[PDB]
Chemist: 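Pasting in a structure now, in structure tokens, and then I'll have a few things to ask.
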Amino acid sequence: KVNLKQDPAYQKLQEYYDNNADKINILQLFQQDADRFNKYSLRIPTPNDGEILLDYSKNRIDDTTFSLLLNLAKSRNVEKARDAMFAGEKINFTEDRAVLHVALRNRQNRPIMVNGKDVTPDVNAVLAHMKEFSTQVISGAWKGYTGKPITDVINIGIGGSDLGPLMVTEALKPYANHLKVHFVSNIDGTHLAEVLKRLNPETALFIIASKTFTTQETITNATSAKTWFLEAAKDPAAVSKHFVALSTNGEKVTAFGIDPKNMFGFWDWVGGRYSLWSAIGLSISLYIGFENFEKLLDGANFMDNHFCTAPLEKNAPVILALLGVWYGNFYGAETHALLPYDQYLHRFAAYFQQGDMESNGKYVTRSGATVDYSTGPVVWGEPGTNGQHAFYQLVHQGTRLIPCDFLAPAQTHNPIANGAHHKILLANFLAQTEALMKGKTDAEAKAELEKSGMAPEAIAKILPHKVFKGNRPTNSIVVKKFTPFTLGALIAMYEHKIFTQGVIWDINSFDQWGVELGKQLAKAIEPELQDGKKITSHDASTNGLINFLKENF
Amino acid sequence: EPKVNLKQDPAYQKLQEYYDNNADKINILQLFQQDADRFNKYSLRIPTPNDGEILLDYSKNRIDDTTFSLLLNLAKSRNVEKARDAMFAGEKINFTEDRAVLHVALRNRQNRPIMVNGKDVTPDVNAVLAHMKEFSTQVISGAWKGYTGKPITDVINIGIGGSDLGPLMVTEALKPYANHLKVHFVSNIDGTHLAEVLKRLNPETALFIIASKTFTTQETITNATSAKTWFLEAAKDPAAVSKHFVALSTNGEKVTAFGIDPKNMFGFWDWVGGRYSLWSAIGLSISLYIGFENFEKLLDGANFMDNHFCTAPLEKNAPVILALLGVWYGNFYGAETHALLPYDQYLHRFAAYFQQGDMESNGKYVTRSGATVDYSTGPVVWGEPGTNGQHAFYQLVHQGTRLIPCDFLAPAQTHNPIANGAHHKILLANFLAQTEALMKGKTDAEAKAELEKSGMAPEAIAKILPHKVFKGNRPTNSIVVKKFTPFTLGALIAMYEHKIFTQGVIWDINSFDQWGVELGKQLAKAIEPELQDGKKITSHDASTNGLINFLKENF
């Protein structure tokens, strides 16, 4: 696969950019084209959750740009790559592994082969186990060491074993049963300690989420949790009523004191940052029930089918991928913001900060060459209207191009004050994207200042500060309501956007070699922090930091 | 006193020429190889009276002695010291709004006179503080009763922007100092936010704090009126309102019309920016949660940093140093972002807070003279605490295509030394190793030597090798405190406040206004009636119409 800057489609986009960059103005495009919203929006009907609208019209694209972008998807063989993923080819080429999160939500049970065997029965067997356990815990059948029902579920995991379950349980809170859920991930003892203070050992269920069952942070947290537990329970045999594992290592799990009957497995073709759909989603199933966890899978499967069947010019993940490449590789924007106008989705941007950045924060191509072009952006955001009142000043009147995805539901789960709060929330959702596109010219701001009765000199002083240049691009995504289905569909849509960008950049979206160096160096430092001896083994900064911390232990 | 266009400033030109000649050659590791005294030269220890030293280690940066000199000349050329003194004197440096900028007066612990409109603001500041102290002790003690004669159990701050983020972030950061009160923060106009708090409350024992200067802020007042409605459904007595709602505000007319007694209005002043307001009456939720004595220590820490910023010569002045590094990376290397990475779960909202304080301050494009900038201003600020961030996005910081200066922060001591300190040792090892890694990287030779030592078939070594290389040369600041306490937190917040200020000075922008809010607010007001009415909407651009009409079909 040829270096991307020598790809003829990429070259054509560079030529066009170099000649037209500065002449693309979104408002002017709207003024000249009454069909613009119809042309650059996609409505995706669902069986039972309404339509999903993707409105990508407030972007710096016209007919020429859109064709040139589609042609880049074609020249980088996005469709072929997609089909390779879905067929279980070993597309994680540095680890020589398949990439099959889509198998976890294969609701049609189509055969998908790995090492000569269909994985569907294995996937479905884990799901049936999750369903049985969930019912046992939720119903009170599963009892603690003094014979009581569980009241609290504590997930302990890092990265992919934490963010997904945390984000989704917060997003789908209205669907919760009576169980309280807690998430521990930081090695910082604060994280565990503040959870344990809320708990009764007799009614607490811990879920230790780690494939290896040797991950440092998660095992340390797990063992500290066990120690606390046994201070209450005294009896090591009681650990098996209060600790279960999402893992492959039956020996280690058994040695920790978990019954291996309560080990929920998954596979090397499930990436951590694509894992919430697996056994890793057990805390989701427990919190909102298995039938809701299945609807989340259904939504994801729906989107997987859209990604597979929709032609490129009507394929939501592709179009999103292409827009990001446009802003990132041609306009040079470093970042991309996720702005859900929904407080429950407060951790959505954090979740994709991982799914996107850990996937596409790469620099080596499949041929082993180093890229000479931009790859993944810094992904960030806060839900509206909170972010709106924190940082939008800079999105409107700073020096930066920041493409933003604005998301909202038509309906709220909390229609307080006869719906009044939701109307205001949606008005802001709409107005901000309108504002970013349209801006406010010198003439418009001046006319306002005159009509307000300000004198000419005062108007001169303030006027430049009141001008909004606009032409700032946004996508708007609307659902009828955020439900397990529509959330699953959206998560999967972003998963496939990320995949498609990786294919264009010819990187490996599915490995993570970049975490190895810090892990090694941390292991080397651990023993040096065990006493007050002066450390000289590193560069002078690391040494100097270590000795300062020793003075202050 | 507008300044020359920054790219024309002779000190900025000198930097540009040096960057043009040396950007490709500056390698942090090499600079350590060649200067054994590097850590000593490019670090600062600031002793505090009771909280140990604060260490800023800025040695893992793409700077040599020439770079550092040239950056200091820029802070001189742009008159940072004069601009500081002007702020601290009460001059009207918020030039678009013609207002003073005096969050430093909120923590003026020495009671120095500070003049606004011919009057010392110090007595005013101190009266409000005295009031906050009296009220906080009354609520905390149980002496302040609800409408059925019970002590308060829950405190609900309602506010947006600067009336929320500071109190939220500081209560989370100082949670080990909390008393028995539960604190709640409602900010979003999204009904979910209020509703999920109200479910946990007993109207007999809940106290609401309505934080808004004008007392007209739409989202805050909508939330407040909904809370009041809930409240009165239970209390059924307009008089009960004054036992359960207080205001952080100066509009006594509107407060009192809401049902709050003006005795329970805690005022602040127009020279207090929202994003710099937690030190004022706006901090009442903090005072309530961790007690007034602790709130004063927070103030003391900020005052201590204010004094440092005033007295330290540029070359040993932490805010200025951090500001100048950020201009180096932003304006010369072109980096768009800056990451804040506290290795501290209590500080999980620290980056979020500085998203506002930095980006709403310096996300600006018009200079003091009214001219549009032709250089970059404020970066996108972002981050998550360690080690959470570490397992989310550090792949990209290590091996992506982007320069991302990061501030790593950690304490030598934890408030939660569980398992005999074992978690905190690991936490610290990661705090240290990550910046070491970012600086040192790992060459083809280093990677290959490791691979050789695993039983790796040479074929497989060759195919994996390039993926295992780390370019390194990625800069960081490391900030260490003895412990995150109210004082050390206050000092660090102020430090970043003064970083932001110094950058604003250099860029010749107004760090203290926020005219960028207005267009969106006006366009939302127009849309409101259109969401209610029956008609197909056609008054906007096709996208806004299309979105409206799709929403309307799904109502």
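Lettering follows sequence order; numbering is per chain, from 1.
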Chemist: Answer with side chain, backbone, both or neither: which region of B:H415 has an atom nearer than 4.5 Å to a non-hydrogen atom of chain A?
Modeler: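 Interface part for B:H415: neither.
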Chemist: Where on A:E95 is there a heavy atom nearer than 4.5 Å to chain B: the side chain, the backbone, both, or neither?
Modeler: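 Neither part, no heavy atoms under 4.5 Å.
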Chemist: Do A:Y392 and B:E360 have a side chain donor and acceptor closer than 3.5 Å?
Modeler: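 Side chains of A:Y392 and B:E360: no pair found under 3.5 Å.
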Chemist: Given a strict heavy-atom distance threshold of 4.5 Å, which part of A:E434 is in contact with chain B: side chain, backbone, both, or neither?
Modeler: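 Both backbone and side chain.
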Chemist: In terms of heavy-atom pairs under 4.5 Å, which option from B:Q33, B:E384, B:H398, B:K463 contacts chain A the most?
Modeler: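 The answer is B:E384.
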Chemist: Between B:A36 and chain A, which part of the residue has a heavy atom less than 4.5 Å away: side chain, backbone, both or neither?
Modeler: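 For B:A36, backbone heavy atoms alone lie under 4.5 Å from chain A.
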Chemist: How long is the straight-line distance from CD of A:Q432 back to CD1 of B:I527, given to the nearest 0.5 Å?
Modeler: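 Output value for this atom pair is 9.5 Å.
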Chemist: Examine whether an atom of B:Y353 lies under 4.5 Å from a heavy atom of chain A, and if so say whether it belongs to the side chain, the backbone or both; otherwise answer neither.
Modeler: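 B:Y353 has no heavy atom closer than 4.5 Å to chain A.
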Chemist: Enter the distance from B:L396:CG to A:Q353:CD here, rounded to the nearest 0.5 Å.
Modeler: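 Here the interatomic distance stands at 10.0 Å.
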Chemist: Could you have a look at B:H348, B:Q532, B:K483, B:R275 and say which one has the most heavy-atom pairs with chain A under 4.5 angstrom?
Modeler: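 Option with the top pair count is B:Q532.
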Chemist: Would you mind checking which part of A:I462 comes under 4.5 Å of any heavy atom in chain B, side chain (CB onward), backbone (N, CA, C, O), both or neither?
Modeler: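 Side chain only.
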Chemist: Does any backbone or side-chain atom of B:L519 lie under 4.5 Å from a heavy atom of chain A? Answer side chain, backbone, both or neither.
Modeler: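 Both backbone and side chain of B:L519 come within 4.5 Å of chain A.
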Chemist: With distance as the sole test, does B:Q345 use its side chain to make a donor-acceptor pair with the main-chain N or O of A:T190 at under 3.5 Å?
Modeler: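 Pair absent, no side-chain N/O of B:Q345 close to backbone of A:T190.
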Chemist: Taking every non-hydrogen pair under 4.5 Å, which of B:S376, B:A419, B:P176 racks up the most with chain A?
Modeler: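 Counting heavy-atom pairs under 4.5 Å, the top option is B:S376.
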Chemist: Measuring from atom CE of A:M437 to atom CG of B:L523, what distance do you get when rounded to the nearest 0.5 angstrom?
Modeler: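 Here the interatomic distance stands at 9.5 Å.
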Chemist: Please flag which part of B:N430 lies under 4.5 Å from any non-hydrogen atom of chain A: side chain, backbone, both or neither.
Modeler: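 Answer is both: backbone and side chain atoms of B:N430 are under 4.5 Å from chain A.
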Chemist: Side chain, backbone, both or neither: which part of A:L529 has a non-hydrogen atom closer than 4.5 Å to chain B?
Modeler: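 For A:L529, heavy atoms of backbone and side chain both lie under 4.5 Å from chain B.
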Chemist: Please classify the contact of B:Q218 with chain A as side chain, backbone, both or neither, using a heavy-atom distance under 4.5 Å.
Modeler: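 Side chain of B:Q218 only, per the 4.5 Å heavy-atom cut-off to chain A.
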Chemist: Assess whether a salt bridge exists between A:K440 and B:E518, defined as any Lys/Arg side-chain N lying under 4.0 Å from an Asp/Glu carboxylate O.
Modeler: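 Looking at A:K440 and B:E518, the cut-off is not met.
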Chemist: Could you grab the distance from atom CH2 of A:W380 to atom CZ of B:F393, nearest 0.5 Å is fine?
Modeler: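 Here the interatomic distance stands at 14.0 Å.
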Chemist: For B:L194, is it the side chain, the backbone, both, or neither that has a heavy atom closer than 4.5 Å to a heavy atom of chain A?
Modeler: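 Only the side chain of B:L194 comes within 4.5 Å of chain A.
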Chemist: Hey, is B:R45 close enough to A:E551 for a salt bridge, meaning N to O under 4.0 Å?
Modeler: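 Salt bridge: yes.
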Chemist: Could you tell me whether the side chains of A:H421 and B:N223 share a donor-acceptor contact shorter than 3.5 Å?
Modeler: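 Yes.
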Chemist: So for B:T414, is it side chain, backbone, both, or neither that comes closer than 4.5 Å to the heavy atoms of chain A?
Modeler: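 The side chain, not the backbone.
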Chemist: If I measure from the heavy atoms of chain A, does B:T367 come under 4.5 Å with its side chain, its backbone, both, or neither?
Modeler: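 For B:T367, the backbone is the part near chain A, not the side chain.
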Chemist: Do we get A:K423 above B:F555's six-membered ring, with its NZ or CZ under 6.0 Å from the centre and within 45° of the axis?
Modeler: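 Judged by the rule, A:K423 and B:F555 form a cation-pi pair.
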Chemist: Measure distances from B:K440 to the heavy atoms of chain A and classify the residue's part below 4.5 Å as side chain, backbone, both or neither.
Modeler: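 For B:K440, the side chain is the part near chain A, not the backbone.
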Chemist: Atom CD1 in B:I426, atom CG in A:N186: separation rounded to 0.5 Å?
Modeler: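 So the CD1 of B:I426 and the CG of A:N186 are separated by 11.5 Å.
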Chemist: For A:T227, is it the side chain, the backbone, both, or neither that has a heavy atom closer than 4.5 Å to a heavy atom of chain B?
Modeler: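 For A:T227, neither part sits under 4.5 Å from chain B.
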Chemist: Which region of B:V373, side chain (C-beta onward) or backbone (N, CA, C, O), has a non-hydrogen atom less than 4.5 Å from a non-hydrogen atom of chain A, or is it both or neither?
Modeler: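 The side chain, not the backbone.
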Chemist: Is chain A contacted by the side chain of B:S59, its backbone, both, or neither, given a heavy-atom distance below 4.5 Å?
Modeler: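 Just its side chain gets close to chain A.
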Chemist: Indicate whether the side chain of B:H391 and that of A:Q354 have a donor and an acceptor atom separated by less than 3.5 Å.
Modeler: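 No, no side-chain donor-acceptor pair sits under 3.5 Å.
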Chemist: Less than 4.5 Å to any heavy atom of chain A: does that hold for the side chain of B:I28, its backbone, both, or neither?
Modeler: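 Looking at B:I28, nothing touches chain A.
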Chemist: Given that the side chain runs from C-beta out, which part of B:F550 has a heavy atom under 4.5 Å from chain A: side chain, backbone, both or neither?
Modeler: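 For B:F550, the contact with chain A is made by the side chain alone.
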Chemist: Measuring from atom OH of A:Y341 to atom CG of B:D190, what distance do you get when rounded to the nearest 0.5 angstrom?
Modeler: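 A:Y341 OH to B:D190 CG: 11.5 Å, rounded to 0.5 Å.
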